[PDB]
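Visitor: Got a structure here, written out as structure tokens. Questions coming.
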Amino acid sequence: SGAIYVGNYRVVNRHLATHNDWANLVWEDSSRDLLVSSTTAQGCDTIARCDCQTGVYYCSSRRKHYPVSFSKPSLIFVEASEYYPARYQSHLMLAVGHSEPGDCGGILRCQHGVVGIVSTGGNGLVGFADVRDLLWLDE
Ligand SMILES: NC(=O)[C@H]1CCCN(C(=O)[C@H](c2ccccc2)n2cccn2)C1
Ligand SMILES: [Zn+2]
């Protein structure tokens with residue numbers, strides 16, 4: 001679990017969005033596993049606007065942060081799960097690191113701010129849904 005709070009927006013994994021997220025929906029994209037909802041309180045986070053390919057993410061299943069090298073956002077095949085059919089997920093970045101069910105939502109940050117959230121895992125890999133292209137989160 002986990003979310004990004006920026007301005008009057010809450011960014012979560014679409015597959016973990018709550019009834020309240022859907023009732024306050026701003027934008028969602030099943031192909032990216034992202035959903036953004038509106039909030040009444042001002043957020044605590046700021047978003048990176050950069051091309052960093054290294055950073056640090058939070059891994060809830062280890063209660064620890066780990067440094068990673070990750071690929072640029074791209075279209076990657078993701079196997080069928082309880083939440084989605086087999087499909088290509090867009091804007092996804094892979095890295096070598098620990099991620100198991102329950103780790104989705106952990107934040108990946110670089111020196112410029114929040115880069116994205118954990119969205120996939122297994123096999124010693126971790127995938128992050130990028131948010132750096134969502135320029136409207138900042139206004
Ligand atoms: N973006 C998606 O389509 C995700 C939706 C939820 C299922 N997905 C996973 O990767 C997870 C998982 C999560 C976090 C670390 C490891 C595994 N999972 C694999 C097998 C069983 N669960 C894919
Ligand atoms: Zn950066």
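Simple scheme: letters A, B, ... for chains in structure tokens order, numbers from 1 for residues in each chain, numbers from 1 for ligands in the order shown.
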Find the residues of chain A that sit at most 8 Å from ligand 2; for each, write down the nearest two atoms and how far apart they are in Å, to one decimal. Count only C-alpha atoms and all ligand atoms. Sort by chain, then by number going up, and give it as a Markdown table.
Guide:
| residue | atom | partner | partner_atom_place_in_ligand_line | distance |
| --- | --- | --- | --- | --- |
| A:48 | CA | ligand 2 | 1 (Zn) | 5.6 |
| A:49 | CA | ligand 2 | 1 (Zn) | 6.6 |
| A:50 | CA | ligand 2 | 1 (Zn) | 4.7 |
| A:51 | CA | ligand 2 | 1 (Zn) | 6.0 |
| A:52 | CA | ligand 2 | 1 (Zn) | 4.3 |
| A:53 | CA | ligand 2 | 1 (Zn) | 7.6 |
| A:54 | CA | ligand 2 | 1 (Zn) | 7.9 |
| A:55 | CA | ligand 2 | 1 (Zn) | 7.7 |
| A:109 | CA | ligand 2 | 1 (Zn) | 7.6 |
| A:110 | CA | ligand 2 | 1 (Zn) | 4.7 |
| A:111 | CA | ligand 2 | 1 (Zn) | 5.3 |
| A:112 | CA | ligand 2 | 1 (Zn) | 4.4 |
| A:113 | CA | ligand 2 | 1 (Zn) | 6.6 |
| A:115 | CA | ligand 2 | 1 (Zn) | 7.3 |
Visitor: Grab the residues selected above and save them as an mmCIF file, in the first residue's frame with N, CA, C and O atoms.
Guide:
data_model
loop_
_atom_site.group_PDB
_atom_site.id
_atom_site.type_symbol
_atom_site.label_atom_id
_atom_site.label_comp_id
_atom_site.auth_asym_id
_atom_site.auth_seq_id
_atom_site.Cartn_x
_atom_site.Cartn_y
_atom_site.Cartn_z
ATOM 1 N N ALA A 48 9.438 14.878 -9.148
ATOM 2 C CA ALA A 48 10.650 15.088 -9.929
ATOM 3 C C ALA A 48 10.289 15.366 -11.391
ATOM 4 O O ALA A 48 9.348 14.788 -11.922
ATOM 5 N N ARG A 49 11.031 16.271 -12.045
ATOM 6 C CA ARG A 49 10.821 16.588 -13.475
ATOM 7 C C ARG A 49 12.218 16.458 -14.089
ATOM 8 O O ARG A 49 13.000 17.418 -14.156
ATOM 9 N N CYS A 50 12.572 15.227 -14.427
ATOM 10 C CA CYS A 50 13.952 14.894 -14.767
ATOM 11 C C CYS A 50 14.024 13.578 -15.565
ATOM 12 O O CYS A 50 12.996 12.921 -15.804
ATOM 13 N N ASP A 51 15.287 13.180 -15.925
ATOM 14 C CA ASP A 51 15.521 11.923 -16.611
ATOM 15 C C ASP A 51 16.412 10.989 -15.775
ATOM 16 O O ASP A 51 17.072 10.136 -16.344
ATOM 17 N N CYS A 52 16.417 11.113 -14.429
ATOM 18 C CA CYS A 52 17.205 10.220 -13.567
ATOM 19 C C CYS A 52 16.823 8.768 -13.825
ATOM 20 O O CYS A 52 15.645 8.428 -14.064
ATOM 21 N N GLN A 53 17.810 7.919 -13.758
ATOM 22 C CA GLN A 53 17.638 6.485 -13.882
ATOM 23 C C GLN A 53 18.231 5.750 -12.668
ATOM 24 O O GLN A 53 18.455 4.534 -12.712
ATOM 25 N N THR A 54 18.511 6.491 -11.563
ATOM 26 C CA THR A 54 18.893 5.927 -10.275
ATOM 27 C C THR A 54 18.060 6.646 -9.205
ATOM 28 O O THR A 54 17.656 7.818 -9.370
ATOM 29 N N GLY A 55 17.840 5.943 -8.119
ATOM 30 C CA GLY A 55 17.036 6.503 -7.040
ATOM 31 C C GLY A 55 16.923 5.514 -5.895
ATOM 32 O O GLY A 55 17.696 4.549 -5.821
ATOM 33 N N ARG A 109 12.138 7.695 -5.243
ATOM 34 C CA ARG A 109 12.529 9.111 -5.306
ATOM 35 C C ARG A 109 13.936 9.195 -5.840
ATOM 36 O O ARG A 109 14.771 8.310 -5.591
ATOM 37 N N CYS A 110 14.224 10.318 -6.490
ATOM 38 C CA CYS A 110 15.600 10.656 -6.871
ATOM 39 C C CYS A 110 15.926 11.974 -6.134
ATOM 40 O O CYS A 110 15.125 12.440 -5.326
ATOM 41 N N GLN A 111 17.084 12.586 -6.400
ATOM 42 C CA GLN A 111 17.442 13.852 -5.751
ATOM 43 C C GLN A 111 16.473 15.005 -6.097
ATOM 44 O O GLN A 111 16.483 16.021 -5.383
ATOM 45 N N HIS A 112 15.605 14.849 -7.125
ATOM 46 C CA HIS A 112 14.684 15.923 -7.557
ATOM 47 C C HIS A 112 13.271 15.802 -7.000
ATOM 48 O O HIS A 112 12.482 16.765 -7.107
ATOM 49 N N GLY A 113 12.963 14.646 -6.405
ATOM 50 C CA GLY A 113 11.630 14.425 -5.876
ATOM 51 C C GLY A 113 11.080 13.047 -6.188
ATOM 52 O O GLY A 113 11.822 12.113 -6.463
ATOM 53 N N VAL A 115 9.564 10.099 -8.167
ATOM 54 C CA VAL A 115 9.638 9.604 -9.536
ATOM 55 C C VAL A 115 8.430 8.733 -9.883
ATOM 56 O O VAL A 115 7.937 8.760 -11.018
#
Visitor: Let me have all residues with an atom within 6 Å of ligand 1, counting only C-alpha atoms and all ligand atoms, laid out as a PDB file with C-alpha atoms, in the first residue's frame.
Guide:
ATOM      1  CA  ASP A  33      -2.010   1.058 -13.215  1.00  0.00           C
ATOM      2  CA  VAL A  78       2.650  -7.962 -17.380  1.00  0.00           C
ATOM      3  CA  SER A  81      -3.311 -11.373 -12.199  1.00  0.00           C
ATOM      4  CA  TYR A  83      -6.575  -7.410 -10.948  1.00  0.00           C
ATOM      5  CA  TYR A  84      -5.903  -7.290 -14.698  1.00  0.00           C
ATOM      6  CA  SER A  99       9.209  -6.629  -4.275  1.00  0.00           C
ATOM      7  CA  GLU A 100       6.468  -9.025  -3.136  1.00  0.00           C
ATOM      8  CA  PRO A 101       2.628  -8.788  -2.945  1.00  0.00           C
ATOM      9  CA  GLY A 102       1.814  -5.882  -0.621  1.00  0.00           C
ATOM     10  CA  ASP A 103       4.766  -3.704  -1.805  1.00  0.00           C
ATOM     11  CA  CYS A 104       2.732  -1.769  -4.443  1.00  0.00           C
ATOM     12  CA  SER A 119       3.439  -1.356  -9.396  1.00  0.00           C
ATOM     13  CA  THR A 120       4.904  -4.858 -10.197  1.00  0.00           C
ATOM     14  CA  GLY A 121       7.376  -7.366  -8.739  1.00  0.00           C
ATOM     15  CA  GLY A 122       8.635 -10.934  -8.420  1.00  0.00           C
TER      16      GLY A 122
END
Visitor: Select from chain A everything DSSP, run on the backbone, classes as alpha helix (DSSP H), then give the selection as a ChimeraX atom specification.
Guide: /A:19-23
Visitor: Which residues are close to range 89-97 of chain A, i.e. within 6 Å by only C-alpha atoms, leaving aside same-chain residues fewer than 6 positions away? Reply as a list in words.
Guide: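 My list of contacting residues is residues 31, 32, 69, 70, 71, 72, 73, 74, 75, 76, 124, 125, 126, 127, 128, 129 and 130 of chain A.
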Visitor: Those same residues - N, CA, C and O atoms - I'd like them written as a JSON list (two decimals), in the first residue's frame.
Guide:
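Now in out37.json:
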[["chain", "number", "residue", "atom", "x", "y", "z"],
["A", 31, "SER", "N", -3.96, 1.12, -18.35],
["A", 31, "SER", "CA", -2.69, 0.68, -18.99],
["A", 31, "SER", "C", -1.47, 1.12, -18.20],
["A", 31, "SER", "O", -0.41, 0.59, -18.45],
["A", 32, "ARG", "N", -1.60, 2.06, -17.27],
["A", 32, "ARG", "CA", -0.46, 2.51, -16.46],
["A", 32, "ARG", "C", -0.57, 2.03, -14.99],
["A", 32, "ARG", "O", 0.35, 2.30, -14.20],
["A", 69, "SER", "N", 18.97, 1.05, -9.87],
["A", 69, "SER", "CA", 19.16, 1.57, -11.22],
["A", 69, "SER", "C", 17.92, 1.05, -11.99],
["A", 69, "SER", "O", 17.65, -0.15, -11.91],
["A", 70, "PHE", "N", 17.17, 1.92, -12.68],
["A", 70, "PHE", "CA", 15.94, 1.46, -13.34],
["A", 70, "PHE", "C", 15.89, 1.87, -14.79],
["A", 70, "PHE", "O", 16.56, 2.85, -15.19],
["A", 71, "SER", "N", 15.14, 1.12, -15.60],
["A", 71, "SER", "CA", 15.00, 1.47, -17.02],
["A", 71, "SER", "C", 14.13, 2.70, -17.25],
["A", 71, "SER", "O", 13.38, 3.14, -16.36],
["A", 72, "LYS", "N", 14.24, 3.31, -18.44],
["A", 72, "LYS", "CA", 13.38, 4.45, -18.79],
["A", 72, "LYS", "C", 11.93, 3.96, -18.91],
["A", 72, "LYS", "O", 11.70, 2.79, -19.18],
["A", 73, "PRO", "N", 10.93, 4.84, -18.75],
["A", 73, "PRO", "CA", 9.53, 4.39, -18.84],
["A", 73, "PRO", "C", 9.26, 3.75, -20.19],
["A", 73, "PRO", "O", 9.64, 4.30, -21.24],
["A", 74, "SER", "N", 8.64, 2.55, -20.16],
["A", 74, "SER", "CA", 8.40, 1.84, -21.41],
["A", 74, "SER", "C", 7.18, 0.92, -21.34],
["A", 74, "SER", "O", 6.52, 0.83, -20.31],
["A", 75, "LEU", "N", 6.85, 0.26, -22.49],
["A", 75, "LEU", "CA", 5.71, -0.64, -22.60],
["A", 75, "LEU", "C", 6.26, -2.06, -22.29],
["A", 75, "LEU", "O", 7.12, -2.57, -23.03],
["A", 76, "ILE", "N", 5.79, -2.68, -21.19],
["A", 76, "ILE", "CA", 6.29, -3.95, -20.70],
["A", 76, "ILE", "C", 5.17, -4.93, -20.49],
["A", 76, "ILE", "O", 4.15, -4.56, -19.94],
["A", 124, "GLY", "N", 12.93, -11.30, -8.16],
["A", 124, "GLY", "CA", 14.06, -10.42, -7.90],
["A", 124, "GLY", "C", 14.00, -9.12, -8.72],
["A", 124, "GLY", "O", 15.00, -8.39, -8.80],
["A", 125, "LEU", "N", 12.84, -8.80, -9.30],
["A", 125, "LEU", "CA", 12.63, -7.55, -10.01],
["A", 125, "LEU", "C", 11.62, -6.66, -9.26],
["A", 125, "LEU", "O", 10.75, -7.19, -8.55],
["A", 126, "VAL", "N", 11.64, -5.35, -9.55],
["A", 126, "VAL", "CA", 10.65, -4.42, -9.04],
["A", 126, "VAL", "C", 10.29, -3.45, -10.18],
["A", 126, "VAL", "O", 11.19, -2.96, -10.88],
["A", 127, "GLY", "N", 8.99, -3.27, -10.41],
["A", 127, "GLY", "CA", 8.55, -2.34, -11.45],
["A", 127, "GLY", "C", 7.88, -1.12, -10.86],
["A", 127, "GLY", "O", 7.13, -1.24, -9.89],
["A", 128, "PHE", "N", 8.15, 0.06, -11.42],
["A", 128, "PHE", "CA", 7.60, 1.32, -10.90],
["A", 128, "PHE", "C", 6.79, 2.04, -12.01],
["A", 128, "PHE", "O", 7.25, 2.19, -13.13],
["A", 129, "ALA", "N", 5.60, 2.50, -11.64],
["A", 129, "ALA", "CA", 4.78, 3.28, -12.53],
["A", 129, "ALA", "C", 5.32, 4.72, -12.44],
["A", 129, "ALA", "O", 5.28, 5.35, -11.35],
["A", 130, "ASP", "N", 5.79, 5.26, -13.57],
["A", 130, "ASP", "CA", 6.33, 6.62, -13.60],
["A", 130, "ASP", "C", 5.25, 7.66, -13.44],
["A", 130, "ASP", "O", 4.13, 7.49, -13.97]]
Visitor: Select, from A:17, A:3, A:123, A:30, the residue with the minimum atom-to-atom distance to residue 88 in chain A, counting only C-alpha atoms.
Guide: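 Closest residue, counting only C-alpha atoms: A:30.
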Visitor: When distances are computed from only C-alpha atoms, which of A:60, A:46, A:24, A:8 shows the smallest separation from residue 105 in chain A?
Guide: A:60
Visitor: If we count only C-alpha atoms and set the cut-off at 9 Å, which residues sit around residue 57 in chain A, ignoring sequence neighbours fewer than 6 positions away in its own chain? Please answer as a list in words.
Guide: residues 64, 65, 66, 67, 68, 106, 107, 108, 109, 110, 117 and 118 of chain A
Visitor: How about saving the chosen residues, C-alpha atoms kept, as a short mmCIF file (atom, residue, chain, number, x, y, z; two decimals), in the first residue's frame?
Guide:
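Dumped to result_10.cif:
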data_model
loop_
_atom_site.label_atom_id
_atom_site.label_comp_id
_atom_site.auth_asym_id
_atom_site.auth_seq_id
_atom_site.Cartn_x
_atom_site.Cartn_y
_atom_site.Cartn_z
CA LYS A 64 13.62 -0.55 4.41
CA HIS A 65 14.73 1.67 1.58
CA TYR A 66 16.94 0.32 -1.23
CA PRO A 67 18.96 2.11 -3.96
CA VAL A 68 18.14 1.05 -7.58
CA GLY A 106 6.04 2.25 -2.17
CA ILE A 107 7.57 5.52 -3.40
CA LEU A 108 10.66 5.75 -5.66
CA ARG A 109 12.53 9.11 -5.31
CA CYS A 110 15.60 10.66 -6.87
CA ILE A 117 5.36 4.10 -7.22
CA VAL A 118 5.89 0.33 -7.02
#
Visitor: Identify which of the residues A:132, A:14, A:87, A:19 lies closest to residue 1 in chain A, counting only C-alpha atoms when measuring atom-to-atom distances.
Guide: A:14
Visitor: Need the shell around residue 9 in chain A: protein/DNA/RNA residues with any atom at most 9 Å away, counting only C-alpha atoms. Skip same-chain ones fewer than 5 positions apart. Format as a ChimeraX atom specification?
Guide: /A:4,26,36-43,137
Visitor: Do you have the CA of residue 6 in chain A-CA of residue 45 in chain A distance handy?
Guide: 5.1 Å
